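S.K.: Take a look at this one; I'll ask things after.
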Amino acid sequence: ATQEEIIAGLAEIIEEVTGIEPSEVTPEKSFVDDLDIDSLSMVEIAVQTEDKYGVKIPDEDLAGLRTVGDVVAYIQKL
Amino acid sequence: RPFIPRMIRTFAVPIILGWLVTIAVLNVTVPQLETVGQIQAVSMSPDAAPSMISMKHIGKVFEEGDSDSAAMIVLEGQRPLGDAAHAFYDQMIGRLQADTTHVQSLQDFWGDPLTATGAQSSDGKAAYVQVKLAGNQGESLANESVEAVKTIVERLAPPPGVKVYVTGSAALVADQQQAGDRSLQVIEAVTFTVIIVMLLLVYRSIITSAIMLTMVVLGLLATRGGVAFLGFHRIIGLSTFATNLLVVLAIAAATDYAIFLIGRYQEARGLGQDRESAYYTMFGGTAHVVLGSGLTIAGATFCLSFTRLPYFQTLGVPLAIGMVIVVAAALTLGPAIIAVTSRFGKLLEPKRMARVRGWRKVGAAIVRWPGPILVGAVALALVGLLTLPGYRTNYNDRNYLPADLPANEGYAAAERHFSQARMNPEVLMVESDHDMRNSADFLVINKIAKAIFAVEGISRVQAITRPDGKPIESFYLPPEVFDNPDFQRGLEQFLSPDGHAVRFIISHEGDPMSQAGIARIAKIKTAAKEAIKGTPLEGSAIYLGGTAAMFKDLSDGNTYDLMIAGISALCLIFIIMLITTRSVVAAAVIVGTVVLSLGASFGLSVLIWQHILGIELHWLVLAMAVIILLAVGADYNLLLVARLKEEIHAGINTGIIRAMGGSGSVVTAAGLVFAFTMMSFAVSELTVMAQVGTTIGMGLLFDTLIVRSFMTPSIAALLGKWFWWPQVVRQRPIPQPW
């Protein structure tokens, strides 16, 4: 489904940016709490999505997204 | 693309044997590079400037040698010198005059009582004599003459309580070359251990750095042999600065080319590529970049414009040829030695854990906030520019050498008693083209000396009026006492046998090579022109030989050759970017970033050097450092933009972070190696080379941490279509499915 595809894309970006395998990446966990992801890493994820695919997450909005669920929902909305 | 590597690697063993045999034949029959530079040097005074014309005409008319080299000798002791010292000095003078192939003429002053006051110090504990050697200052003949004078001095037994050293500008450059040659080996060793210690950290092996040591020393020997061959047959010329900078920059550039090569090799190994594929990907990736950057470092140096001094023309021609030899050595021997040596297991190993993530995270602060970071980087550059209002330069070389050298120690001894700029005189001439041996001409000749005196910092002039140099007034001499042997003893050292060209020996106040001391040259020329105006000397050519005018005429070319290099090197960068990449405006941005960061580099190097350490920047530290900074910053930014182009397929903004992640570790390692190798000049006995190296190293640190890191990619992000416009720009790749 679309959800699986978007989650797989995000997990591939996760593997590229900070080298954690997509296998254990699930939408039932946060970024900083578990994966030790800095605000800059999330910014890199946003830029990668914007470039490779057609999506835009404006500034002063990534902070409001804490869990993978929030990010995937926001992407699906647009 | 798979052809030149297929000729370099398949024939790796025969070409390595060829390199070894050519190095052997260039080192056994053709002398070593040090002796070749000693036998083949270039003038330190101009060849197409008024200063050199002055000395040439002076030699033509005075029959005192057709060159400008002038050395000095100091006899200092614990008490005033007695008659024993005078006898020893007379014997030494006779021995010096006996030699003819080395010394062209003797400007003896201490021997003659009438002018002995002009040699002995105020306290009477020192004296000096001026000799005129063969060949131009800093040339092979001048160095040979300096060595001959030193050997003659050491052959004789000094009287008890007095020691002898050799001073003067020609002796200063000779001892500068001696120090350069002596410290070449220690710089080689220190750089070799620095590369070892950094490879132990970036590659996790010691043999991996032993092979790099072998490669770097082989390349250094190859370039040494090539330059030795080309300078042994009188084809080109060399100098002390040319030789030392060639050697150390060759070591730094060879080790940086190796860093790029085996770092892309390390990246290939991390990506799973084998040896034979890592070799070809390394070539296709960085061999063209190395070629472009070597051609830049060669073309910019060679195109240091046709300047008054060989210290630019023949500092850029042999440097360009040496850099061509070094880039050829890279492109041929490096791949071959790699293919033959890194074919054994457990010799290379990658360390990629903690360096690929901190260069990809900093890359995210360039594309999501391109504005704030770009303006911040430009603000840092402008803050560096903020000290331009208080920028200073110093043309002196005594302050840029250790005190343990014979020349600098003689300067210290002279300064202990003399409080002047005595060891660096200045000569002015006026060709009246008629006999200047009448009373009226002598009365009016002192006008030029007095007019020169009016300028600040020329408080004493050793003119024809009196060697003492005390400015009393315009002397007048009766015609009856005009012609006597005693007066002729000095009149042959002041005016031509018939009288064509005058000489005005001049001693400055304080540092003669300072900004004021060199701005004094224009004032001297204007005063001379005004003095000859309205007098029978009108229409004469005011040629100003010496050292202060030598530096003035040479520094007049600073703007000229800087602009011409900033045209030619940037045009070559244009060509390289259009060939191995596709853009025209970005070929201008890649050099605009560097020229903007030049202000920050200058600010950092003047805060570190002048504000803290209290030492200003030598004029050679301006031109050479700026041009090498342009070339090497262009190398780094060119590697960055080449990687960006290789990663444009996935997007522009994402290409920036991809290139940063993929290139940051290697570029940082190379920049640290280059910076520390250049900073190794701090123990080079050449503090001017230390300033050049430290300035270049700090500029490269600022480039590898700020400019290349954020400033260039921020601009690339802000202007997307205007950065690859000729090749057509789609900022995002055509939208792809998930």
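S.K.: Counting only residues that are over 14 Å from B:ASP108 (Cβ atoms) and touching a residue at least 24 places away in the same chain (Cβ under 8 Å), how many does segment B:478-490 have?
M.R.: 4
S.K.: Tell me yes or no: at least one residue of segment B:188-196 is loosely packed, with under 15 Cβ neighbours inside 10 Å and closer than 30 Å to B:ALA253 by Cα. First the steps, then the outcome.
M.R.: Of all residues in segment B:188-196, those loosely packed, with under 15 Cβ neighbours inside 10 Å come to B:189, B:193.
Right, trim to closer than 30 Å to B:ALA253 by Cα and you get B:189, B:193.
Among the residues of segment B:188-196, at least one is loosely packed, with under 15 Cβ neighbours inside 10 Å and closer than 30 Å to B:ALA253 by Cα, which makes the answer yes.
S.K.: Report yes if B:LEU81 is aliphatic (A, V, I, L, M) and under 35 Å from the mean Cα position of the chain (by Cα), otherwise no.
M.R.: Working: aliphatic (A, V, I, L, M): yes; under 35 Å from the mean Cα position of the chain (by Cα): no.
Spelling it out, it is not the case that B:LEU81 is aliphatic (A, V, I, L, M) and under 35 Å from the mean Cα position of the chain (by Cα).
S.K.: Quick one: which residue in B:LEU607, B:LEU630 is away from every other protein chain (no Cβ under 14 Å) and surrounded by fewer than 21 Cβ atoms within 10 Å (Cβ to Cβ)? I'd like the intermediate steps shown before the answer.
M.R.: Working: B:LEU630 fails: surrounded by fewer than 21 Cβ atoms within 10 Å (Cβ to Cβ).
After ruling out the rest, the residue left standing is B:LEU607.
S.K.: Right, something else. Tell me which residues, restricted to segment B:636-678, are touching a residue at least 60 places away in the same chain (Cβ under 8 Å) and assigned to a loop (DSSP other than H, G, I, E, B).
M.R.: Within segment B:636-678, B:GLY651 is the sole residue that qualifies.
S.K.: Can you tell me which residue in segment B:338-368 is surrounded by the fewest Cβ atoms within 10 Å (Cβ to Cβ), limited to those that are of a type in the set (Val, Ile, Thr) and in contact with a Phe, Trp or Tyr (Cβ under 9 Å, 6 or more places away or on another chain)? Quick ask: steps written out before the conclusion?
M.R.: Initially, segment B:338-368 is screened for residues of a type in the set (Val, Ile, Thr), giving B:338, B:340-341, B:356, B:362, B:366-367.
Among the residues that remain, those that are also in contact with a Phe, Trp or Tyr (Cβ under 9 Å, 6 or more places away or on another chain) are: B:338, B:362, B:366.
Values: B:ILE338: 24, B:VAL362: 20, B:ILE366: 27.
Checking each candidate, the answer is B:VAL362.
S.K.: What number of residues within segment B:469-493 are within 19 Å of B:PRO512 (Cβ to Cβ) and surrounded by 14 or more Cβ atoms within 10 Å (Cβ to Cβ)?
M.R.: From segment B:469-493, those within 19 Å of B:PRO512 (Cβ to Cβ) are B:469-471; that's our starting set.
Restricting the remaining residues to those that are surrounded by 14 or more Cβ atoms within 10 Å (Cβ to Cβ) gives B:469, B:471.
So the answer is 2.
S.K.: Additional query: For the condition aliphatic (A, V, I, L, M), in contact (Cβ under 8 Å) with a residue 60 or more places away in the chain, more than 30 Å from B:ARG182 (Cβ to Cβ) and surrounded by 24 or more Cβ atoms within 10 Å (Cβ to Cβ), what is the one hit in B:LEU304, B:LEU261?
M.R.: Values: B:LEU304 fails: more than 30 Å from B:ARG182 (Cβ to Cβ).
Answer to the check: B:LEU261.
S.K.: Let me ask you something else. Can you tell me which residue within segment B:710-738, out of those that are out of contact with any helix residue (DSSP H, G or I) (no Cβ under 7 Å at 6 or more places or on another chain) and either in contact (Cβ under 8 Å) with a residue 24 or more places away in the chain or among the hydroxyl-bearing types (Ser, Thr, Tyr) (or both), is farthest from the other protein chains (Cβ to nearest Cβ)?
M.R.: Here is the first cut: in segment B:710-738, the ones out of contact with any helix residue (DSSP H, G or I) (no Cβ under 7 Å at 6 or more places or on another chain) are B:719, B:721, B:726-730, B:734-735, B:737.
Now narrow it down to the ones that are either in contact (Cβ under 8 Å) with a residue 24 or more places away in the chain or among the hydroxyl-bearing types (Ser, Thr, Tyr) (or both): B:719, B:726-727, B:729.
On the way: B:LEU719: 16, B:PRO726: 22, B:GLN727: 18, B:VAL729: 13 Å.
Ranking the qualifying residues of segment B:710-738, first place goes to B:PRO726.
S.K.: Looking at the structure I just gave you, is B:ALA600 part of a helix (DSSP H, G or I) and more than 22 Å from B:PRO389 (Cα to Cα)?
M.R.: no
S.K.: Are any residues in segment B:532-587 among the small types (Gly, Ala, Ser), in contact with a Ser or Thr (Cβ under 7 Å, 6 or more places away or on another chain) and closer than 25 Å to B:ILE628 by Cβ, and if so, which ones? Before the answer, list the steps.
M.R.: To start, the set of residues in segment B:532-587 that are among the small types (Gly, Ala, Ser) comprises B:534, B:539-541, B:545-546, B:548-549, B:555, B:557, B:565-566, B:568-569, B:583, B:586-587.
Narrowing the set further to residues that are in contact with a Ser or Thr (Cβ under 7 Å, 6 or more places away or on another chain) leaves B:540, B:545-546, B:549, B:557, B:569.
Listed by number, the residues that qualify are B:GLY557, B:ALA569.
S.K.: Now a separate question. Can you pull out the residues in segment B:455-477 that are of a type in the set (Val, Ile, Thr) and touching a residue at least 40 places away in the same chain (Cβ under 8 Å)? Outline the logic, then answer.
M.R.: Step one: filter segment B:455-477 for residues of a type in the set (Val, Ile, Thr), giving B:455, B:458, B:461, B:464-465, B:472.
Answer for segment B:455-477, where residues must be of a type in the set (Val, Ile, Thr) and touching a residue at least 40 places away in the same chain (Cβ under 8 Å): B:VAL455, B:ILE458, B:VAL461, B:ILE464.
S.K.: Output the number of the condition that B:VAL340 fails; it satisfies all remaining conditions of (1) assigned to a helix (DSSP H, G or I); (2) within 14 Å of chain A (Cβ to nearest Cβ); (3) aliphatic (A, V, I, L, M).
M.R.: Unmet condition: (2).
S.K.: Of all residues in segment B:433-474, count the ones that are in contact with an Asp or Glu (Cβ under 8 Å, 6 or more places away or on another chain), in a loop (DSSP other than H, G, I, E, B) and closer than 19 Å to B:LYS533 by Cβ.
M.R.: Qualifying residue count, segment B:433-474: 0.
S.K.: Which residue, of B:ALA171, B:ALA148, B:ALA179, is assigned to a helix (DSSP H, G or I), touching a residue at least 12 places away in the same chain (Cβ under 8 Å) and surrounded by fewer than 21 Cβ atoms within 10 Å (Cβ to Cβ)?
M.R.: B:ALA148
S.K.: What number of residues within segment B:209-235 satisfy the criterion of being surrounded by fewer than 20 Cβ atoms within 10 Å (Cβ to Cβ), under 23 Å from the mean Cα position of the chain (by Cα), without any contact (Cβ under 8 Å) to a residue 60 or more places away in the chain and part of a helix (DSSP H, G or I)?
M.R.: Summing the residues that are surrounded by fewer than 20 Cβ atoms within 10 Å (Cβ to Cβ), under 23 Å from the mean Cα position of the chain (by Cα), without any contact (Cβ under 8 Å) to a residue 60 or more places away in the chain and part of a helix (DSSP H, G or I) in segment B:209-235 gives 1.
S.K.: While we're looking at this one, here's another question. Output the residue which, of all residues in segment B:357-367 that are part of a helix (DSSP H, G or I) and either under 39 Å from the mean Cα position of the chain (by Cα) or without any contact (Cβ under 8 Å) to a residue 12 or more places away in the chain (or both), is nearest to the other protein chains (Cβ to nearest Cβ). Outline the logic, then answer.
M.R.: Residues of segment B:357-367 part of a helix (DSSP H, G or I): B:358-364.
Next, from what is left, pick out any that are either under 39 Å from the mean Cα position of the chain (by Cα) or without any contact (Cβ under 8 Å) to a residue 12 or more places away in the chain (or both): B:358-363.
Numbers: B:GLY358: 10, B:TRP359: 11, B:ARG360: 6, B:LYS361: 5, B:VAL362: 8, B:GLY363: 7 Å.
The qualifying residue nearest to the other protein chains (Cβ to nearest Cβ) is B:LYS361.
S.K.: Looking at (1) in contact (Cβ under 8 Å) with a residue 24 or more places away in the chain; (2) more than 21 Å from B:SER601 (Cβ to Cβ), find the lone condition where B:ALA328 falls short.
M.R.: Unmet condition: (1).
S.K.: Could you please find all residues in segment B:368-408 being small (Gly, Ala, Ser), in a helix (DSSP H, G or I) and in contact with an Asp or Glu (Cβ under 7 Å, 6 or more places away or on another chain)? Let's see the steps before the verdict.
M.R.: Looking only at segment B:368-408, we keep the residues that are small (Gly, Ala, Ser), and these are B:371, B:376-377, B:379, B:381, B:384, B:390, B:403, B:407.
Now restrict to residues that are in a helix (DSSP H, G or I): B:371, B:376-377, B:379, B:381, B:384, B:390, B:407.
Selection gives B:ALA407 alone.
S.K.: Continuing with the same structure: Quick check: anything in segment B:681-701 aliphatic (A, V, I, L, M), assigned to a loop (DSSP other than H, G, I, E, B) and away from chain A (no Cβ under 14 Å)?
M.R.: Pass one, segment B:681-701, residues aliphatic (A, V, I, L, M): B:682-683, B:686, B:688-690, B:692, B:696, B:698, B:700-701.
Now drop any that are not assigned to a loop (DSSP other than H, G, I, E, B), which leaves B:686.
Now narrow it down to the ones that are away from chain A (no Cβ under 14 Å): B:686.
Yes, the conditions are met somewhere in segment B:681-701.
S.K.: Across segment B:552-566, which residue is surrounded by the most Cβ atoms within 10 Å (Cβ to Cβ) among those that are over 17 Å from B:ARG520 (Cβ atoms) and hydroxyl-bearing (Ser, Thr, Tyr)? Don't jump to the end; show me each part of the working.
M.R.: Keep residues of segment B:552-566 that are over 17 Å from B:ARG520 (Cβ atoms), which gives B:557-566.
Filter once more, keeping what is hydroxyl-bearing (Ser, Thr, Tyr): B:559-560.
Numbers: B:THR559: 10, B:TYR560: 15.
Among residues in segment B:552-566 that are over 17 Å from B:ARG520 (Cβ atoms) and hydroxyl-bearing (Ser, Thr, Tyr), the one surrounded by the most Cβ atoms within 10 Å (Cβ to Cβ) is B:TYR560.
S.K.: Could I ask something else about it? Just to be sure before I move on: is B:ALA354 within 12 Å of chain A (Cβ to nearest Cβ) and of a type in the set (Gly, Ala, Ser) in the structure I sent? Explain how you work it out, then say what you get.
M.R.: Working: within 12 Å of chain A (Cβ to nearest Cβ): yes; of a type in the set (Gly, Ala, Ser): yes.
In short, yes.
S.K.: How many residues does segment B:34-82 hold that are within 23 Å of B:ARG422 (Cβ to Cβ) and in a loop (DSSP other than H, G, I, E, B)?
M.R.: Qualifying residue count for the region: 12.
S.K.: Out of the residues in segment B:637-676 that are in contact with a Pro (Cβ under 8 Å, 6 or more places away or on another chain) and more than 20 Å from B:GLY292 (Cα to Cα), which is nearest to the other protein chains (Cβ to nearest Cβ)?
M.R.: B:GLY651
Because the Cβ atoms are built from the backbone with ideal geometry, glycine has one as well, and the counts that use them run over all protein chains shown. Just so you know, all these numbers are worked out from the coordinates, no wet-lab data involved.
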